[PDB]
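The letter at position 40 of the sequence shown is residue 40 when you use the deposited numbering, and the numbering goes up by one with no holes. Virtual Cβ for every residue (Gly too), placed ideally from N, Cα, C.
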Amino acid sequence: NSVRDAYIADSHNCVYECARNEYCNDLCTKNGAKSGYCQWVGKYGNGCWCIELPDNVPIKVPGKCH
Numbered sequence: 001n002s003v004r005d006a007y008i009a010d011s012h013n014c015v016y017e018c019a020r021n022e023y024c025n026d027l028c029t030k031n032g033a034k035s036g037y038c039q040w041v042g043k044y045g046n047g048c049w050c051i052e053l054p055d056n057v058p059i060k061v062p063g064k065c066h
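Listed below in structure tokens is the structure:
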């Protein structure tokens, strides 16, 4: 569909590292997501994970952070 749970990414395919869960909830929600938190372990390791992020915003996809 038009929303998905995933690591939000910038225009360079790079995840957003995090030190706080609140940093991620803010980043995710200002970008349209329902909520978000900091993942200190996961598919791409440390980074913000968002819940229901709209598909006009990038998510980390296979490949390098360039």
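### Query
Using the rule of at least 16 other Cβ atoms within 10 Å of the residue's Cβ for burial, across every protein chain shown, is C65 buried or exposed?
exposed
### Query
In three-state terms, what does DSSP make of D26?
helix
### Query
Between the Cα of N46 and the Cα atoms of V3, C24, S11 and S2, which residue gives the shortest distance?
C24
### Task
Per DSSP, which residues does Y16 bridge with? Please list them.
Looking at the DSSP assignment, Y16 forms no beta bridge with any residue, so it has no partner.
### Message
Could you check whether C28 and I59 sit closer than 7 angstroms to each other, using their CB atoms as the reference points?
### Response
no
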